[PDB]
Amino acid sequence: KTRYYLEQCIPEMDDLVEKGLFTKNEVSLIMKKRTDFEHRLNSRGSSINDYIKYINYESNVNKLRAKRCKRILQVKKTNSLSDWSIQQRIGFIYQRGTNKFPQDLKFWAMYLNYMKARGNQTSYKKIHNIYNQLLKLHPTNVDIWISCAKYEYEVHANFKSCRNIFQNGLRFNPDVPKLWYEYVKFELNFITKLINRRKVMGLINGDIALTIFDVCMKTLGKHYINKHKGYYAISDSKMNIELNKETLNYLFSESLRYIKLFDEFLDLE
Amino acid sequence: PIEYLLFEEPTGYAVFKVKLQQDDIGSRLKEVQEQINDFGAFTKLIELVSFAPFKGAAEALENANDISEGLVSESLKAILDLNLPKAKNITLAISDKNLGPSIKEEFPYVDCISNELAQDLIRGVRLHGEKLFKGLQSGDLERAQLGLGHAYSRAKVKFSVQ
Amino acid sequence: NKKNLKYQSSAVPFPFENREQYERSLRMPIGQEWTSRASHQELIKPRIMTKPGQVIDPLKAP
Amino acid sequence: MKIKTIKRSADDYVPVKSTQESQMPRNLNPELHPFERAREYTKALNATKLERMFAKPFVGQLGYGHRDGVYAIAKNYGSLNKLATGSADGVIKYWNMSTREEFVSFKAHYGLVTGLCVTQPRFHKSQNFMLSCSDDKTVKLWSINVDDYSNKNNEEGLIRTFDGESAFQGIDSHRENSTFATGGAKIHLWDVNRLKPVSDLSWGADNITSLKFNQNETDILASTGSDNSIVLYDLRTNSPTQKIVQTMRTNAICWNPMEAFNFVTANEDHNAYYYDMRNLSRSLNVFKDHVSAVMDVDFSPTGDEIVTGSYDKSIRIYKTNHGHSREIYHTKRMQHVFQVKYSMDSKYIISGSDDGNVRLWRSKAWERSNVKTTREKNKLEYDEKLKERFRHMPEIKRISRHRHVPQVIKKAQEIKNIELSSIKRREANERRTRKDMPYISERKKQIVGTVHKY
Amino acid sequence: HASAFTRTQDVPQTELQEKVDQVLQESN
Amino acid sequence: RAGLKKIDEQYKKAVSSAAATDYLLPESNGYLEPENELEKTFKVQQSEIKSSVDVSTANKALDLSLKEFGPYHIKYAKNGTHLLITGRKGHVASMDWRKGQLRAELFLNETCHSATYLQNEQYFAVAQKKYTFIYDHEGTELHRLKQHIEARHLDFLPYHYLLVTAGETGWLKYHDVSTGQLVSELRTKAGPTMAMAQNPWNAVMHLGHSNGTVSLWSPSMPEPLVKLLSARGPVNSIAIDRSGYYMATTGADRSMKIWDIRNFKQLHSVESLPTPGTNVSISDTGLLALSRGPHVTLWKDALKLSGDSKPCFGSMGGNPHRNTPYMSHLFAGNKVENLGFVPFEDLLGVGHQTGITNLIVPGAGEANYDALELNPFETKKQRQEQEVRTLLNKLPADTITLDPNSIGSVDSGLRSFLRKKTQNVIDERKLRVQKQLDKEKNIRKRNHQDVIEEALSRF
RNA sequence: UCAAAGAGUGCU
């Protein structure tokens, strides 16, 4: 069905010549290369690199069109299919690549970055669904959970949503000390902003983390006990005593990082 | 009336979404049965929607038991919670009827299926195995099955190095 | 130059209501050799469609 | 000078990658594609040939069937693969159509099962229910354990009985509410929670042979009487609405699922009559392709098809807008078709014949139920219009129309044609001399009279 | 559709969710 | 009316789709148009053009100089991948000039008048004197067409699989390759046939005769459809464009005529030829090829309504109305055996005494080939599958008619003796009752539409 | 090697 994708380009390419930005011969060069790319994607042996090179191609085509618009048309945006057509396609190619290669973590990031960069074109809701899909293919990679938690605490400043991320992320990945460290880091940021707002409120006129500290310590030990024991319990008493030693030291080191973390927050006691 | 399919792997738990519903009246027709063997046809029926690998060897055995006595683990609860919409009632296809009541208790809004239609798809999922995971990291099932095998067995017999 | 009765249709087929109607259509080449891939799809789509494995319930109140 | 020559890039047409698909350049200039007319016709002719081949309508039978001739078939409107059957032996069965086995079998009545229906009673997921009536003057409610869901884990058997002073000959259940109506010597409305008949409906002393609830205007009911009459009712008014008397008795009635005001009637004059509920003075359509009385009729859940089960050991398929069957199904193993029903997906046909076996047929014999590839879907679909397009070409008609009908049916048709020709010649002779011979529309001959004139 | 961003349980499934919500009711 | 506007709606959508595909067309055919008015197209010589074209194009250009059986009647496969050549004294060789491997060699020392490729490159047909032979790619002869005798021109129809043979005899035979039986035999009675050509649009064969009358022919038909004299003198050759709208003839009296089949009119006439043209070929683009003995003159846009588009030798003081040859080439010490346009190539084949030479001509071939129909780069696995599909969609012979768009239109003992007599009596009754109806039908029409003589009118 | 003809495997 390579043609079916190809025919979608014709109304766009017709718009280019009609506006006069691109000559007949020039567009033929564009369509030819597009034709070459589509066959590669639709064929066996296609790789994620194949989607990347195609995606890079349109971006340069997009730059040529807009840059040409100022030189020839002398208009910021010509009201026609051409202006938003390329941007629709690039997202479409990406979606195919993500579906075609969900495993490649790298290729997703381009979509989140690409989708995020053109915020005006692309509503945050579209960004949400991609994260919903991406978390949900890879629940065990903590680095998503912080990433989407990150995005909606800075771009949107919706702490209620960001907190739910850590709650869900911790539900899947309770043994990752980093995400706990990341979750307490967010909470203390929320408290510091809140009290600073309170200070500003006066001028113009936290315990929660410690609970995270405590509950974190219990589960990490529980999982660290699970590992180093394998399928079965340890019959030897002395070895069982040892397994208590590593967790204490592992938990002690895991505590010590927070002791460093608290040091940053001057506002807090 | 099925939309989501629950499957379990030695590496983890896999959920599938049923894009197309096979004919139920003609379930026994050779032509529908040949499709289950055919990977190309099968991919049109379902699509892998989630996979959450087990954290380590210990977790797999614990879940391997919990599946055996028809119980829901914390890992299973988390996955189903994230995937199944609240919704009249979303339908989930499951191999075990005994896991049915357990799933219903934790999630009142899900209705489980274990009819031959569900079994037919579950067979297809297990037929193609890692090919349906579309490149996702599921290790090697055959070795992981070997990994859990005596591990599940020796546990019940209470085998020990002593 | 007499036309061959073998290839002359007996009567105007349904849904076309008059003789000139059928020749206007019959000038159309349906095949994809004369039609674009997209254009082929709208023509070839039939009026009645159903999805396998679902009950077609009676129409709800308009 | 300025010179250009045709220039072929080897890489563009021959991919460097072995796995990459080669380019298929397209030029739609009509000059490059001559004989568009001949090519399409030839493909249409080939497609017509392909169609007759794959027509393998029979798929199988449900278990070992019933004890005596099956006379009552009820289909679960809320579910695809469950079906209820009854035979004159007094036994009723619930079938798992997907597995072609039985859920449960009950010896429901001493006499004949004269009406069977599936419902979902509202007593004031794990079980289904049917209503069975018989000439033994009792109606029995049954509960069946089903494996559709595994959210639980019994009480399978009779739930309730409704006694009647007179024998009952047919039953139907209101879709929206638990109320159901039973037709014997006199048509009643019943409630599941009331043992006595809740209300009595009757045009007159005449007995009712069959009934069928409307599927969209669920408060409307239609019935058939032994006096060759069709009676309409409205539950909201709790009274009969219209009565029309036919030349013949009608065995069965079905409401069109897409037109709430439109229904079809199975008749004893080898015909099925398609009627508008608002103007009964005429018929919307007539179907005449059977050679014996039509016992049963139904509407497709798609609404574009009806079937007519006839005493002549055959089943026919009719387009609603066309007055002649597009298809005929038969076997030596047919003895007397009494019931015909659809799968709720509109893909399969259920037939009940007095030999005691229940069978399944493909709605379109050539169609196959596997999921098709897009390439398969396009081509299989592509053949469809070209057949619809060149439908009246002589050779296409000769191949497409042909069916193997039993010798008994054809000879009846040949004699039947000789009847009509001999008749037609006779009235034609009359019109030469008689001054006043009013022309009677075929759509009105079957109507003898209507009570309410308009 | 089920979304991680909005909590879909309507009750706190994880014991962490029990502890945090207790403070939030306590705080304000 | 509204439904027809709807039906007409898909037409505007359909033609737009055709334009949309026309938009996509991968390649463009070669052009040649002067920068400077002083320099003209008919002084430019091939060697300079040979230098201009690419190295591959020069390598693609083929020049095969053989005298053992020359002159040489060149022939190109429909796809153009494989080229079939038959010498004058009559050996025939099949090879892929592009691939660089000969498919078959045939060194028979019997005079052959022409040759033609069959359904595929694998099988092809050659015309020996007094018989017609069929050969394989391997070079073996599958069979011999006993019926076909004294065949000069052999032509094969791909979709209908019909092979047609023209000869001096006046007997003509149609043979379908797949079936193996000749569809029909027809005698023109007009004597020998100098020229045979087919119009692909209608699939109607064209036969010329010494009187000058070019004759259209059909399989099912017992006669020729149409009778048209181009010239006083015998026609040397007849050329039909692929579209079929245009048909050209050159008379032996040095006259060139341009005709149109659709309206059946003579488009243009030229007497300026110094001597009769040996052979005539028409490009897919409409460019016309005239071969007179040594020199071949090419006219761009020869097929057009305007009288100025008509071919004209030289010019009248650089008059713009006069139309000069678009290319003029001469082979010194040579005569043109035949002219053949190379399929899907910007190239014109030329047949001549010294051997086979191929002349590069801008715009000669159609730029963008239809792969579904024919693909030069068709692989052998696809090739066989294409054949089978063509077999499945083979067009019957009787489908051939003057117009394809017309088709589909809507328009015992004693007992037997007693038995014989009774059915007779029943027959007289039928005839007589029908007639009693006939007068009664006559009476209704009649009803619908001297004083003493009145005094006695009652009597 | 080409060159024509077979019989399976992978996969869209």
# chains A, B, ... in the order shown; residues from 1 in each chain; ligands from 1
$ select_by_dssp --residues "chain C" --states "helix (DSSP H, G or I)" --output "list in words"
residues 5, 6, 7, 19, 20, 21, 22, 23, 24, 25, 26, 37, 38, 39, 40, 41, 42, 43 and 44 of chain C
$ interface_residues --of "chain D" --to "chain B" --cutoff "9 Å" --atoms "only C-alpha atoms" --output "ChimeraX atom specification"
/D:59,80-81,96-100,147-153,343,345,348,368-373
$ write_last_selection --atoms "N, CA, C and O atoms" --output "tab-separated table (two decimals), in the first residue's frame"
chain	number	residue	atom	x	y	z
D	59	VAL	N	-22.74	-25.80	6.54
D	59	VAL	CA	-21.58	-25.87	7.41
D	59	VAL	C	-21.67	-27.01	8.42
D	59	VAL	O	-20.65	-27.62	8.73
D	80	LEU	N	-24.93	-14.12	20.51
D	80	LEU	CA	-24.71	-14.67	19.18
D	80	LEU	C	-24.93	-16.18	19.13
D	80	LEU	O	-25.73	-16.67	18.32
D	81	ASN	N	-24.25	-16.94	19.99
D	81	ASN	CA	-24.09	-18.37	19.80
D	81	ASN	C	-24.94	-19.22	20.74
D	81	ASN	O	-24.57	-20.37	21.02
D	96	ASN	N	-25.23	-24.52	22.36
D	96	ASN	CA	-24.04	-23.69	22.21
D	96	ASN	C	-23.64	-23.79	20.74
D	96	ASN	O	-22.95	-24.72	20.33
D	97	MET	N	-24.08	-22.81	19.95
D	97	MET	CA	-23.89	-22.88	18.51
D	97	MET	C	-22.42	-22.93	18.13
D	97	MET	O	-22.06	-23.62	17.17
D	98	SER	N	-21.56	-22.23	18.87
D	98	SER	CA	-20.13	-22.26	18.56
D	98	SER	C	-19.57	-23.67	18.71
D	98	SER	O	-18.80	-24.13	17.85
D	99	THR	N	-19.94	-24.36	19.78
D	99	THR	CA	-19.51	-25.73	20.00
D	99	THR	C	-20.47	-26.76	19.41
D	99	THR	O	-20.17	-27.95	19.47
D	100	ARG	N	-21.58	-26.31	18.82
D	100	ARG	CA	-22.63	-27.20	18.30
D	100	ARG	C	-22.94	-28.33	19.27
D	100	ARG	O	-23.07	-29.49	18.87
D	147	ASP	N	-21.83	-20.74	30.31
D	147	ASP	CA	-20.41	-20.51	30.56
D	147	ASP	C	-19.90	-19.24	29.87
D	147	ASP	O	-18.71	-19.14	29.56
D	148	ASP	N	-20.79	-18.28	29.62
D	148	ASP	CA	-20.35	-17.03	29.00
D	148	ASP	C	-19.37	-16.29	29.89
D	148	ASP	O	-18.38	-15.72	29.41
D	149	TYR	N	-19.62	-16.28	31.20
D	149	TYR	CA	-18.78	-15.60	32.17
D	149	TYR	C	-18.39	-16.58	33.27
D	149	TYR	O	-19.11	-17.53	33.57
D	150	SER	N	-17.23	-16.32	33.87
D	150	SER	CA	-16.71	-17.13	34.97
D	150	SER	C	-16.55	-16.29	36.23
D	150	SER	O	-15.63	-16.51	37.02
D	151	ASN	N	-17.44	-15.32	36.43
D	151	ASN	CA	-17.39	-14.47	37.61
D	151	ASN	C	-17.97	-15.13	38.85
D	151	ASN	O	-17.85	-14.57	39.94
D	152	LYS	N	-18.59	-16.30	38.71
D	152	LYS	CA	-19.25	-16.98	39.82
D	152	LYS	C	-18.70	-18.40	39.91
D	152	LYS	O	-18.13	-18.93	38.95
D	153	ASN	N	-18.86	-19.00	41.09
D	153	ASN	CA	-18.34	-20.34	41.37
D	153	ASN	C	-16.82	-20.32	41.43
D	153	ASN	O	-16.22	-20.85	42.36
D	343	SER	N	-28.49	-16.04	12.40
D	343	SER	CA	-27.51	-15.62	13.38
D	343	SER	C	-27.56	-14.10	13.50
D	343	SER	O	-27.75	-13.38	12.52
D	345	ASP	N	-25.38	-12.01	13.74
D	345	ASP	CA	-24.38	-11.35	12.91
D	345	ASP	C	-24.77	-11.30	11.44
D	345	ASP	O	-24.03	-10.72	10.64
D	348	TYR	N	-25.10	-16.20	8.98
D	348	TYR	CA	-25.47	-17.61	8.94
D	348	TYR	C	-26.97	-17.76	9.08
D	348	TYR	O	-27.65	-16.90	9.65
D	368	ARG	N	-16.37	-16.66	3.06
D	368	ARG	CA	-15.64	-17.45	4.04
D	368	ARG	C	-15.33	-16.56	5.24
D	368	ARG	O	-14.97	-15.39	5.08
D	369	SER	N	-15.43	-17.14	6.43
D	369	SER	CA	-15.46	-16.35	7.66
D	369	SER	C	-14.08	-15.99	8.20
D	369	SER	O	-14.01	-15.22	9.17
D	370	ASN	N	-12.99	-16.48	7.62
D	370	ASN	CA	-11.68	-16.06	8.10
D	370	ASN	C	-11.48	-14.56	7.90
D	370	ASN	O	-12.11	-13.92	7.06
D	371	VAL	N	-10.61	-13.99	8.73
D	371	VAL	CA	-10.21	-12.61	8.53
D	371	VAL	C	-9.35	-12.53	7.28
D	371	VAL	O	-8.37	-13.28	7.14
D	372	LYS	N	-9.70	-11.63	6.38
D	372	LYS	CA	-9.01	-11.48	5.12
D	372	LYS	C	-7.97	-10.37	5.19
D	372	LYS	O	-8.13	-9.39	5.93
D	373	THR	N	-6.91	-10.54	4.42
D	373	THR	CA	-5.94	-9.48	4.24
D	373	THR	C	-6.56	-8.34	3.44
D	373	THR	O	-7.58	-8.50	2.76
$ interface_residues --of "chain E" --to "chain A" --cutoff "9 Å" --atoms "only C-alpha atoms" --output "PyMOL selection string"
chain E and resi 2-7+13-17+19-20+23-24
$ write_last_selection --atoms "N, CA, C and O atoms" --output "PDB file, in the first residue's frame"
ATOM      1  N   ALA E   2      -8.027   4.081  30.571  1.00  0.00           N
ATOM      2  CA  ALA E   2      -7.235   4.142  31.791  1.00  0.00           C
ATOM      3  C   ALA E   2      -5.981   4.971  31.550  1.00  0.00           C
ATOM      4  O   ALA E   2      -5.278   4.778  30.555  1.00  0.00           O
ATOM      5  N   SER E   3      -5.705   5.899  32.465  1.00  0.00           N
ATOM      6  CA  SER E   3      -4.558   6.788  32.362  1.00  0.00           C
ATOM      7  C   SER E   3      -3.805   6.807  33.683  1.00  0.00           C
ATOM      8  O   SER E   3      -4.414   6.887  34.754  1.00  0.00           O
ATOM      9  N   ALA E   4      -2.477   6.740  33.596  1.00  0.00           N
ATOM     10  CA  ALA E   4      -1.655   6.856  34.795  1.00  0.00           C
ATOM     11  C   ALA E   4      -1.787   8.240  35.413  1.00  0.00           C
ATOM     12  O   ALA E   4      -1.586   8.415  36.620  1.00  0.00           O
ATOM     13  N   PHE E   5      -2.124   9.239  34.597  1.00  0.00           N
ATOM     14  CA  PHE E   5      -2.028  10.623  35.045  1.00  0.00           C
ATOM     15  C   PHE E   5      -3.123  10.943  36.054  1.00  0.00           C
ATOM     16  O   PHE E   5      -2.898  11.691  37.012  1.00  0.00           O
ATOM     17  N   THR E   6      -4.315  10.391  35.848  1.00  0.00           N
ATOM     18  CA  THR E   6      -5.425  10.500  36.787  1.00  0.00           C
ATOM     19  C   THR E   6      -5.596   9.166  37.500  1.00  0.00           C
ATOM     20  O   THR E   6      -5.598   8.111  36.857  1.00  0.00           O
ATOM     21  N   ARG E   7      -5.723   9.213  38.823  1.00  0.00           N
ATOM     22  CA  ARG E   7      -5.884   7.984  39.587  1.00  0.00           C
ATOM     23  C   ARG E   7      -7.241   7.365  39.281  1.00  0.00           C
ATOM     24  O   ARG E   7      -8.275   8.037  39.347  1.00  0.00           O
ATOM     25  N   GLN E  13      -4.747   2.325  46.497  1.00  0.00           N
ATOM     26  CA  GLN E  13      -4.358   0.922  46.390  1.00  0.00           C
ATOM     27  C   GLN E  13      -3.060   0.650  47.138  1.00  0.00           C
ATOM     28  O   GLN E  13      -2.968  -0.313  47.910  1.00  0.00           O
ATOM     29  N   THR E  14      -2.049   1.486  46.925  1.00  0.00           N
ATOM     30  CA  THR E  14      -0.741   1.275  47.521  1.00  0.00           C
ATOM     31  C   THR E  14      -0.696   1.889  48.919  1.00  0.00           C
ATOM     32  O   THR E  14      -1.249   2.962  49.173  1.00  0.00           O
ATOM     33  N   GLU E  15      -0.029   1.184  49.837  1.00  0.00           N
ATOM     34  CA  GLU E  15       0.029   1.648  51.222  1.00  0.00           C
ATOM     35  C   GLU E  15       0.648   3.036  51.311  1.00  0.00           C
ATOM     36  O   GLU E  15       0.307   3.820  52.203  1.00  0.00           O
ATOM     37  N   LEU E  16       1.573   3.349  50.405  1.00  0.00           N
ATOM     38  CA  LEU E  16       2.020   4.726  50.252  1.00  0.00           C
ATOM     39  C   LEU E  16       0.839   5.670  50.069  1.00  0.00           C
ATOM     40  O   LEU E  16       0.760   6.713  50.729  1.00  0.00           O
ATOM     41  N   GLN E  17      -0.100   5.314  49.191  1.00  0.00           N
ATOM     42  CA  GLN E  17      -1.237   6.193  48.944  1.00  0.00           C
ATOM     43  C   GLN E  17      -2.064   6.376  50.211  1.00  0.00           C
ATOM     44  O   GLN E  17      -2.666   7.436  50.421  1.00  0.00           O
ATOM     45  N   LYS E  19      -0.721   6.497  53.285  1.00  0.00           N
ATOM     46  CA  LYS E  19       0.018   7.379  54.184  1.00  0.00           C
ATOM     47  C   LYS E  19      -0.059   8.830  53.729  1.00  0.00           C
ATOM     48  O   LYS E  19      -0.321   9.728  54.537  1.00  0.00           O
ATOM     49  N   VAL E  20       0.169   9.081  52.438  1.00  0.00           N
ATOM     50  CA  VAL E  20       0.199  10.457  51.947  1.00  0.00           C
ATOM     51  C   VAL E  20      -1.166  11.116  52.108  1.00  0.00           C
ATOM     52  O   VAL E  20      -1.267  12.248  52.593  1.00  0.00           O
ATOM     53  N   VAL E  23      -2.007  12.627  55.481  1.00  0.00           N
ATOM     54  CA  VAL E  23      -1.476  13.957  55.767  1.00  0.00           C
ATOM     55  C   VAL E  23      -2.302  15.021  55.058  1.00  0.00           C
ATOM     56  O   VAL E  23      -2.573  16.091  55.615  1.00  0.00           O
ATOM     57  N   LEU E  24      -2.709  14.748  53.817  1.00  0.00           N
ATOM     58  CA  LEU E  24      -3.452  15.738  53.045  1.00  0.00           C
ATOM     59  C   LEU E  24      -4.790  16.055  53.698  1.00  0.00           C
ATOM     60  O   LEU E  24      -5.200  17.220  53.764  1.00  0.00           O
TER      61      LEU E  24
END
$ atom_distance --atom1 "atom CA of residue 365 of chain F" --atom2 "atom CA of residue 35 of chain A"
23.5 Å
$ interface_residues --of "chain A" --to "chain F" --cutoff "8 Å" --atoms "only C-alpha atoms" --output "MDAnalysis selection string"
chainID A and resid 7 10 28 31:32
$ closest_atom_pairs --of "chain B" --to "chain E" --cutoff "8 Å" --atoms "only C-alpha atoms" --output "tab-separated table"
residue	atom	partner	partner_atom	distance
B:81	CA	E:9	CA	7.5
B:82	CA	E:2	CA	6.1
B:83	CA	E:2	CA	5.9
B:84	CA	E:2	CA	6.2
B:85	CA	E:2	CA	4.5
B:86	CA	E:2	CA	6.9
$ residues_around --residues "residue 249 of chain F" --least-positions-apart "2" --cutoff "7 Å" --atoms "only C-alpha atoms (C1' of nucleotides)" --output "PyMOL selection string"
chain F and resi 230+235+237-239+247+251+256-258
$ residues_around --residues "residue 163 of chain D" --least-positions-apart "5" --cutoff "8 Å" --atoms "only C-alpha atoms (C1' of nucleotides)" --output "JSON list (two decimals) with C-alpha atoms, in the first residue's frame"
[["chain", "number", "residue", "atom", "x", "y", "z"],
["D", 137, "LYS", "CA", -52.34, -25.78, 28.58],
["D", 138, "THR", "CA", -49.23, -24.78, 30.56],
["D", 139, "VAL", "CA", -46.40, -22.29, 30.07],
["D", 195, "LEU", "CA", -49.35, -16.41, 37.41],
["D", 196, "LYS", "CA", -52.73, -15.41, 35.99]]
$ interface_residues --of "chain G" --to "chain D" --cutoff "12 Å" --atoms "only C-alpha atoms (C1' of nucleotides)" --output "PDB file with N, CA and C atoms (P, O5', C5', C4', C3', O3' and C1' of nucleotides), in the first residue's frame"
ATOM      1  P     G G  10       9.238 -21.559   8.014  1.00  0.00           P
ATOM      2  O5'   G G  10       9.821 -20.081   7.907  1.00  0.00           O
ATOM      3  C5'   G G  10      10.916 -19.671   8.711  1.00  0.00           C
ATOM      4  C4'   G G  10      11.488 -18.358   8.241  1.00  0.00           C
ATOM      5  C3'   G G  10      10.533 -17.176   8.242  1.00  0.00           C
ATOM      6  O3'   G G  10      10.419 -16.579   9.523  1.00  0.00           O
ATOM      7  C1'   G G  10      11.735 -17.241   6.195  1.00  0.00           C
ATOM      8  P     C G  11       8.980 -16.254  10.159  1.00  0.00           P
ATOM      9  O5'   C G  11       8.580 -14.853   9.516  1.00  0.00           O
ATOM     10  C5'   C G  11       9.473 -13.748   9.544  1.00  0.00           C
ATOM     11  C4'   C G  11       9.161 -12.775   8.437  1.00  0.00           C
ATOM     12  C3'   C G  11       7.730 -12.259   8.409  1.00  0.00           C
ATOM     13  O3'   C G  11       7.535 -11.153   9.272  1.00  0.00           O
ATOM     14  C1'   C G  11       8.357 -12.991   6.244  1.00  0.00           C
ATOM     15  P     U G  12       6.079 -10.494   9.434  1.00  0.00           P
ATOM     16  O5'   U G  12       5.864  -9.682   8.081  1.00  0.00           O
ATOM     17  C5'   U G  12       6.462  -8.408   7.888  1.00  0.00           C
ATOM     18  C4'   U G  12       5.872  -7.701   6.694  1.00  0.00           C
ATOM     19  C3'   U G  12       4.358  -7.561   6.686  1.00  0.00           C
ATOM     20  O3'   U G  12       3.898  -6.478   7.475  1.00  0.00           O
ATOM     21  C1'   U G  12       5.088  -8.340   4.577  1.00  0.00           C
TER      22        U G  12
END
$ atom_distance --atom1 "atom CA of residue 186 of chain F" --atom2 "atom CA of residue 155 of chain F"
15.9 Å
$ interface_residues --of "chain D" --to "chain A" --cutoff "6 Å" --atoms "only C-alpha atoms" --output "compact mmCIF listing (two decimals) with C-alpha atoms, in the first residue's frame"
# COMPACT_ATOMS: atom_id res chain seq x y z
CA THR D 19 14.90 -7.01 0.93
CA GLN D 20 13.53 -3.68 -0.30
CA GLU D 21 10.54 -3.90 -2.62
$ closest_atom_pairs --of "chain F" --to "chain C" --cutoff "12 Å" --atoms "only C-alpha atoms" --output "tab-separated table"
residue	atom	partner	partner_atom	distance
F:1	CA	C:21	CA	9.0
F:2	CA	C:21	CA	11.0
F:3	CA	C:16	CA	8.5
F:4	CA	C:21	CA	6.6
F:5	CA	C:21	CA	10.2
F:6	CA	C:25	CA	10.4
F:7	CA	C:25	CA	6.6
F:8	CA	C:24	CA	7.8
F:9	CA	C:25	CA	10.7
F:10	CA	C:43	CA	8.3
F:11	CA	C:28	CA	7.5
F:12	CA	C:28	CA	11.2
F:13	CA	C:39	CA	7.8
F:14	CA	C:35	CA	6.8
F:15	CA	C:35	CA	8.7
F:16	CA	C:39	CA	9.5
F:17	CA	C:36	CA	5.7
F:18	CA	C:36	CA	6.9
F:19	CA	C:36	CA	9.7
F:20	CA	C:36	CA	8.1
F:21	CA	C:36	CA	7.0
F:22	CA	C:36	CA	10.4
F:23	CA	C:36	CA	11.9
F:24	CA	C:36	CA	11.2
F:216	CA	C:1	CA	11.7
F:217	CA	C:1	CA	11.5
F:218	CA	C:1	CA	10.7
F:220	CA	C:4	CA	10.1
F:221	CA	C:1	CA	9.3
F:222	CA	C:1	CA	11.4
F:223	CA	C:1	CA	10.5
F:224	CA	C:1	CA	10.0
F:225	CA	C:1	CA	7.0
F:226	CA	C:1	CA	9.4
F:370	CA	C:33	CA	9.2
F:371	CA	C:33	CA	10.4
F:372	CA	C:33	CA	7.8
F:373	CA	C:33	CA	8.7
F:398	CA	C:4	CA	9.1
F:399	CA	C:7	CA	8.4
F:400	CA	C:4	CA	10.4
F:401	CA	C:3	CA	8.6
F:402	CA	C:1	CA	7.9
F:403	CA	C:3	CA	10.2
F:404	CA	C:27	CA	10.4
F:405	CA	C:27	CA	7.1
F:406	CA	C:3	CA	8.4
F:407	CA	C:7	CA	6.2
F:408	CA	C:7	CA	5.5
F:409	CA	C:8	CA	5.5
F:410	CA	C:9	CA	4.7
F:411	CA	C:8	CA	5.5
$ interface_residues --of "chain G" --to "chain F" --cutoff "10 Å" --atoms "only C-alpha atoms (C1' of nucleotides)" --output "number ranges by chain"
G: 2-4
$ write_last_selection --atoms "N, CA and C atoms (P, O5', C5', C4', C3', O3' and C1' of nucleotides)" --output "PDB file, in the first residue's frame"
ATOM      1  P     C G   2      25.021 -17.626 -12.256  1.00  0.00           P
ATOM      2  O5'   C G   2      25.218 -16.694 -13.533  1.00  0.00           O
ATOM      3  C5'   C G   2      24.102 -16.117 -14.190  1.00  0.00           C
ATOM      4  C4'   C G   2      24.224 -16.237 -15.688  1.00  0.00           C
ATOM      5  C3'   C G   2      22.938 -16.562 -16.433  1.00  0.00           C
ATOM      6  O3'   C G   2      22.145 -15.415 -16.689  1.00  0.00           O
ATOM      7  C1'   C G   2      24.661 -18.003 -17.171  1.00  0.00           C
ATOM      8  P     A G   3      20.547 -15.488 -16.541  1.00  0.00           P
ATOM      9  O5'   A G   3      20.130 -16.731 -17.446  1.00  0.00           O
ATOM     10  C5'   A G   3      20.185 -16.654 -18.863  1.00  0.00           C
ATOM     11  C4'   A G   3      19.932 -18.000 -19.495  1.00  0.00           C
ATOM     12  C3'   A G   3      18.637 -18.690 -19.090  1.00  0.00           C
ATOM     13  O3'   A G   3      17.520 -18.246 -19.838  1.00  0.00           O
ATOM     14  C1'   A G   3      20.427 -20.210 -18.879  1.00  0.00           C
ATOM     15  P     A G   4      16.650 -16.988 -19.344  1.00  0.00           P
ATOM     16  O5'   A G   4      15.160 -17.547 -19.311  1.00  0.00           O
ATOM     17  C5'   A G   4      14.781 -18.552 -18.384  1.00  0.00           C
ATOM     18  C4'   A G   4      14.757 -19.914 -19.027  1.00  0.00           C
ATOM     19  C3'   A G   4      13.717 -20.881 -18.484  1.00  0.00           C
ATOM     20  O3'   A G   4      12.444 -20.681 -19.074  1.00  0.00           O
ATOM     21  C1'   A G   4      15.818 -21.965 -18.613  1.00  0.00           C
TER      22        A G   4
END
